[PDB]
Amino acid sequence: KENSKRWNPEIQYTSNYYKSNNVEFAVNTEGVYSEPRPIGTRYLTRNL
Amino acid sequence: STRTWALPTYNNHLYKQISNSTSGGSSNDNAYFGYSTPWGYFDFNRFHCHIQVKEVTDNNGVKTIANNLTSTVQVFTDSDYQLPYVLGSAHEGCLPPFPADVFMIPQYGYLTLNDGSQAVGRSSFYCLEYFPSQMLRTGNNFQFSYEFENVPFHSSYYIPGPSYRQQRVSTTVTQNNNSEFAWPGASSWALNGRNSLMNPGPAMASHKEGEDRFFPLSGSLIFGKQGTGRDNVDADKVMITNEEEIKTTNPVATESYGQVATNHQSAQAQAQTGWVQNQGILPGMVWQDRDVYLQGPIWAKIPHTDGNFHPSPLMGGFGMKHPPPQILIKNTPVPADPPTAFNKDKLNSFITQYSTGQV
Amino acid sequence: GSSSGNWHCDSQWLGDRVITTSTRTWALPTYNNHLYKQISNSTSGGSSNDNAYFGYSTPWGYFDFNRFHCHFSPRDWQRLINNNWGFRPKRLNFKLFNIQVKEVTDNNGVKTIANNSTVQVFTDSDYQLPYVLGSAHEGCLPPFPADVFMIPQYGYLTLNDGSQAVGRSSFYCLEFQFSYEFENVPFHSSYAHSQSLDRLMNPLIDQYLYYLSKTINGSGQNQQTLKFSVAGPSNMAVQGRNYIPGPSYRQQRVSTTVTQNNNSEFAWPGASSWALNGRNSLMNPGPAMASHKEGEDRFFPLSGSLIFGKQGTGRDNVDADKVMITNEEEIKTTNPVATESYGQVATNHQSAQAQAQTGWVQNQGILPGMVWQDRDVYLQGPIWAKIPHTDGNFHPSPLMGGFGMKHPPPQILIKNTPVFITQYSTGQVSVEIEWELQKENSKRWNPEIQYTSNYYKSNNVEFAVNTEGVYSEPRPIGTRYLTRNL
Amino acid sequence: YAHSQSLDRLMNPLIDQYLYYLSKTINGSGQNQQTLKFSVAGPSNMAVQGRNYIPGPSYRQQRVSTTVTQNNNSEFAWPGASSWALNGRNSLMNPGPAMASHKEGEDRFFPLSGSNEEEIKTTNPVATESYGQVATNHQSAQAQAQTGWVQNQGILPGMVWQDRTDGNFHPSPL
Amino acid sequence: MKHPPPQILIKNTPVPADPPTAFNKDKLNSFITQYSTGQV
Amino acid sequence: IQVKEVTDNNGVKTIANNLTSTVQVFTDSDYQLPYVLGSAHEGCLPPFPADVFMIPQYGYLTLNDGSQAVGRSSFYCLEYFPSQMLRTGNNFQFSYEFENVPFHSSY
Amino acid sequence: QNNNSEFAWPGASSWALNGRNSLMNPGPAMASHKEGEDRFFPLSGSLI
Amino acid sequence: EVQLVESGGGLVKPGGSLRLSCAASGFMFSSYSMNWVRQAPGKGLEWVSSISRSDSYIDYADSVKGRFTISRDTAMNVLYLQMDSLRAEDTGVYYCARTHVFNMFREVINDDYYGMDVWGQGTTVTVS
Amino acid sequence: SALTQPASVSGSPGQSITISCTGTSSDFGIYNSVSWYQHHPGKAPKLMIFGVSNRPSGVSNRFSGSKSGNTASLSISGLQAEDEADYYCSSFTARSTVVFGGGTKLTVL
């Protein structure tokens, strides 16, 4: 767990509120699941 | 109750986005976005409602149906209510009224947020494969027990209850105005700029005492007679239920609730009144719910929200925070022969298959 | 010569509970030179009858922690609003210590301040005083722990006719740590439904109910007919539905592009309002209703949105970009839009001689089977309110958001004992609220929406001090991000 | 008992709110002057402040004065009176929901069918007055903001009021 | 060291100058000039 | 611990004991602050015990492109750490245990 | 901005083993670009 | 890699009409505002029209107002500027840009303007 | 138009340069928007600065900006031959239009 006392808000991985034909990380009209972008594991911060 | 059911293979075992754009999306009021799942579901939700696997092959020009003993059927209940709840909209697919019938199990689909035919970021996609479920072969069975939460008795037998006025349509066509007022003259409630008909609306007597012929345009649930057509069937092809039992404590559906003074009298101004076309709740009102019919639904799910008032659903029956859980079912896909050389793509070739059994 | 307490600020995240402690430094002047003095608009000129007031100013100061950002860092709010579907304040603990009295002397032309005297303090746990906390006033503990704040003066209002008093009016003469146990209140719902109330249907199977599709065969005379059709996926507006959206009281629609707005002063003339005993009070913020239809981002209800203001924003007639106009879009699924009508109703009986006429419903009370979402709580917004003591109420949750209660945290009144002599005091204040949480259980496959800081390179970091030492909150953070089925 | 406060004045008179309201929609003069100016709701202007609760529901009564000269010279006793129609039978509303009898300062006016109640005027709307106003249209460059009066209002969330089968609301009799 | 001796942070608790006799929401910018001494 | 205040009366400054003042001191034993003690800065205790020294100011550098700050930047408010508040009669003490490290080699 | 020549294999970093030149992929863990140069990417040095 | 390619620029006598299309690729085209700007020969950039995220708000520079119509089909991401009643001043190079917003989930109704993010190389429209 | 910006500026490699555009009435930099663009002839214009001084992911650190009163200025440091282009400033306006300055062609010597 992150015990950090950092005051300002962290960066988080968010799915942008968007308007599009298809839903990211979900099936399209032909039933083909698709992953839109590579997802990193590094968002929260820690001191060096 | 017990029935015999038959479960086909829906969507070739695929999840497929569906929306109005596949149907063209003519009107903005009918826009929708959602998904369609291979799972079927059992719906016993209507009052009058109260494992064998087969395969198919094409041999020459004829189709031979054979037993398959090794194939399985996946079934699970949602008892945490984590899926969309489709049993509460009074869809078809219920157990048949007469036990000697054999019924087909309806396909499962769910709708979510949209703007037009597209999908906003907030819209969420649920994969039913991601729930745990029990897999049944031809000798296994499935059962569970449910316990209804406490709900008030259904009543079969100060100022009157609220009203939201419906247009008055008369069964004799000569009486009705000679114009197309089916949608234009209808009582609606608008949400997110999509006008939605008010049906059935609050519980209100359908007609004044003595005037049986007149009926509220969207006030009463309408049931089709046996064999009635899906599109444009005459009035004698449908049953129109009347609420007149409740006329004592509730206002008539086609009448104004009352009158209120619109100004102050004086020597220079006459006393004026105006009609109350709709009235919310006031202190002291009493009212009756809508009656339930042998063909009518039993329960609904109270949408999970901060607040609600008198949650009993409008169509009828017992509103419940946690209703009887959904029961989802599908036939586990058996792939055909894979190619002898590796190809990463998923297998789209499956054996034609269906199953049957009891409830 | 021995400190009476320590400094406590931190957040212990434990299971389904949170504990948020905050400590600040305060200064209490002497108000009204130790005198209870009547006040009314006649002192301020009494321009309008809508602004009439009567009441008393008291020398006592009081502590107001009622705003969220007192107890939450910008980080502790992020950690909270991303992973949880609800929260609520189980307990409260308040400690007041390190009392330091400083007497002021003006000698020759300079002022010298030296140590001294007592400081009276009490809490009202019988609620015999007026309750001035839940009104969204100023003077609450500062967000940034290194600030030093001044205690606001306590004064109250009562019955009036014009600026004069009446025989029924009351005059109250008010003449350290404690713990508090909140009463049970429902979890705040932090989430935005992934379904809409009208679309709950199954898109595949069709309903067994019928509707009236055609009232005439075609163009001509004596063409009246009744044709019924099935409600199904094709036409989804006419399907029978069990539940209907929440109530509405309409607001005017103001557009942030100043050319769109009508060229006239309609701020008070066109504002929705409710009249009480002849005094017209503006409707603010009003019932919970979404601000704008989907895809409309320049229109906001004129008086229905909590409007904050940015750091350094003046009191009077500040520019549009100096204020932060909150968005209540999250509740558009179960609630009617604030600038739109609730629906339509029939205004007459059709017949051979009369067409079917309808008219808009500009306000609707509660009807059986409605559901609605309450207003969202914001990082800067209030926490609790006192449900006024009356013979009846409906859904007491306050209209500005937060937890309605009939016994809210007691007021804490404090004053400098008169010795008169120029005097003031200072010290520490700590407040510890144990929050209870409701974890996020959802089965959603695709990733949620989350509150994330932005990556563009800039001179200042959001929610941090600039080169002058001035702490500033750039935008309101309201909590609905996680989604849940309807 | 009786309240010593009014619902709209529950505020602290000495302190500003942290909320802003829309002060000015027009800079002044004419033709192209249009601007959005926001101000703080505070002690000086107490009508526009934010409030957590709104008063009881109203179903309006006709105003009758005890000085027979003021009253209109017509038979408005039945036609004028508020009523609730049931089963096609009109029924006078008596006494009706609990509401104040008359505004402060007028002791000669009383609601026609609604009986004095002046004790409850703090949290309840006056019988002979509308509940408030609601905008009836979207303004634009081409249309002025219009507000129609609300003659009757059912329950809304967060209301409070004073007193005088399948379901019922606030069963206390009238 | 991965856990060296900790940092020991210290400051003089600000004691403001006299506050005004009317509430001003702004934080107090006027403090008594002060410093402290002692032993380690 | 001793506390003084400074007043300028007429043109001259006068130092006088303030007894009710407090001094806040804490340790960061969770290592949640930036740690600057390893950069060999000045401001250490003096080499000669008869010297009286001034206590240095604590400030910290974070991520930056040029002079501007990226979104990964941190802002630590030390007031958000629980600390012990000491008047002129109170004291503060703690102990520490060095983790196992290899002998420094002199030879 | 790239050079107009086929430098895909000749240009690339490699580690020869037993006489077989083997591309260095992905290689040691190293940042992809300087700040502002994010359009550039190391030839063989990132998972694709 | 986000790219917007303008097309349809050409030579049309004054009073004629030209339709300009912008083919968007690599990003969600319906989540962003999109707008056209114009660079006359030997002049600085000028702005023409705009279209919102949900198409509710269409804006026009004072000069071209009423002579141009901006709209996006959205079936296949593309943008369209209908140029009607061209003048001699409409010669230039038309660009297709998209206003850039880091977070599409608004927290406040009045959002500070951030400017255009992605641009096309632009097409040349010439009148004679 | 509506934003006065100098015709051309020039500097030797290595030297800082301040390009500054001014505007009239209130609407100059309404909300936070004063935005600086880099237009190379024949290629897509780039958004050097968004906001008064915030600069996007792609832009180099050398570019910077500030707005003092009625005047905003783009400050280029560590000048190079690749910084030669046209530079425009823009500000959103009260009617939801954007307004570009005439622009300054920076010729590095």
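Deposited coordinates in this entry are attributed by the record to cryo-EM, at a stated resolution of 3.19 Å.

**Q** Hey, could you go over the overall build of chain B for me, with residue numbers and the actual values?
**A** What chain B contains, in helices and strands, is one helix and 27 strands. Each principal axis of the C-alpha atoms in chain B carries an extent, and together these give about 100 × 45 × 45 Å. For chain B, with 359 residues in total, the buried portion stands at 57%. In the form shown here, chain B has an accessible surface area of approximately 15,500 Å², with 51% of it arising from carbon and sulfur atoms. Looking at chain B, you have 22 positive and 28 negative side-chain charges, and the mean spots of the two groups are 3 Å apart.

**Q** Can you tell me about the interface of chain C and chain B, naming the residues and giving the values?
**A** The interface of chain C with chain B comprises 105 residues on the first partner and 120 residues on the second. Across the chain C to chain B interface the summed buried area is about 9,900 Å²; carbon plus sulfur atoms make up 54%. When the buried area of chain C at its contact with chain B is split by residue, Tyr208(C), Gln350(C) and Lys443(C) rank highest and sum to 9% of it. The salt bridge partner of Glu329(C) is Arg122(B), with a shortest N-O separation of 2.9 Å. Scanning the region where chain C abuts chain B turns up 67 residue pairs in polar contact. Sorting the residues of the side of chain C that touches chain B by element identifies β12 (210-216), β13 (224-230), β14 (244-245), β23 (343-346), β24 (358-361), β25 (363-364) and β26 (370-372) of chain C as the ones contributing at least two each. Looking at which element gives the most residues to the side of chain C that touches chain B, the answer is β13(C), with seven residues. Grouping the amino acids of the side of chain C that touches chain B by side-chain chemistry returns 42 nonpolar, 47 polar and 16 charged. Two strands pair when backbone bridges link them, and strand β24 (residues 307-309) of chain B and β26(C) are joined in this way by three bridges, in the antiparallel orientation. Bridge pairing in β26(C) links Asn308(B) to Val371(C).

**Q** Any details on the packing of aromatic side chains? Residues and values, ideally.
**A** Inspection of the entire model under this criterion finds 79 aromatic pairs over all chains. Plain terms: the ring middles of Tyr164(B) and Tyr342(C) are 6.3 Å apart, the flat faces sit at 80 degrees to each other, and that makes the pair edge-to-face. With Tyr164(B) in strand β12 (residues 163-164) and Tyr342(C) in the loop between β22 (323-325) and β23, the pair connects residues from two separate chains. A centroid spacing of 4.1 Å and a plane angle of 70 degrees characterise the contact between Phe102(H) and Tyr114(H), whose relative ring orientation is edge-to-face. Placement of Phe102(H) in the loop between β8 (92-99) and β9 (116-119) and of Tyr114(H) in the loop between β8 and β9 is noted, with a sequence separation of twelve residues between them. For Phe102(H), a relative accessible area of 21% puts it in the partly exposed group. Positioned over the ring face of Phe81(F) is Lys5(A), at 5.5 Å from the centre of the ring.

**Q** Could you give an account of the state of the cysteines, naming the residues involved and the relevant values?
**A** One pass over the full model with this rule turns up two disulfides over all chains. The disulfide bridge from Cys21(I) ends at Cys89(I), spanning 2.0 Å between sulfur atoms. Residues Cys21(I) and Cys89(I) are joined through a disulfide that is right-handed, its torsion about the S-S bond being 125 degrees. Here the residue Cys21(I) occupies a position in strand β3 (residues 17-23), and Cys89(I) occupies one in strand β8 (residues 85-92), the gap between them amounting to 68 residues. An identical accessibility class is assigned to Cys21(I) and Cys89(I); each is buried. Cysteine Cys77(F) is unpaired, with the sulfur of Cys9(C) as its nearest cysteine sulfur at 8.2 Å.

Rules used in this analysis
Residues numbered from 1 in each chain as written, not as in the entry; some residues may be left out. Chains lettered and ligands numbered in written order. Part of a larger assembly, values for the part shown. Heavy atoms only, no water. Helix = DSSP H or I, 4+ residues; strand = E, 2+ residues; numbered from the N terminus. Buried < 20%, exposed > 50% of the residue type's maximum accessible area, 1.4 Å probe, protein only. Areas by Shrake-Rupley, 256 points an atom, 1.4 Å probe, with all protein chains shown as cover. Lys, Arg positive; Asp, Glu negative; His and termini not counted. Charge placed at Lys NZ, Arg CZ, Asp CG, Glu CD. Contact = heavy atoms within 4.5 Å. Buried area = accessible area lost by both parts, 1.4 Å probe. Salt bridge = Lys/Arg side-chain N within 4 Å of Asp/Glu carboxyl O. Polar contact = N/O pair within 3.5 Å; in protein donor to acceptor, adjacent residues only side chain to side chain. Nonpolar A, V, L, I, M, F, W, Y, C, P; charged D, E, K, R; others polar. Pairing = 2+ DSSP bridges. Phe/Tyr/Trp six-rings, centres within 6.5 Å; stacked < 30°, edge-to-face > 60°. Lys NZ or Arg CZ within 6 Å of the ring centre and 35° of its normal. Disulfide = S-S within 2.5 Å.

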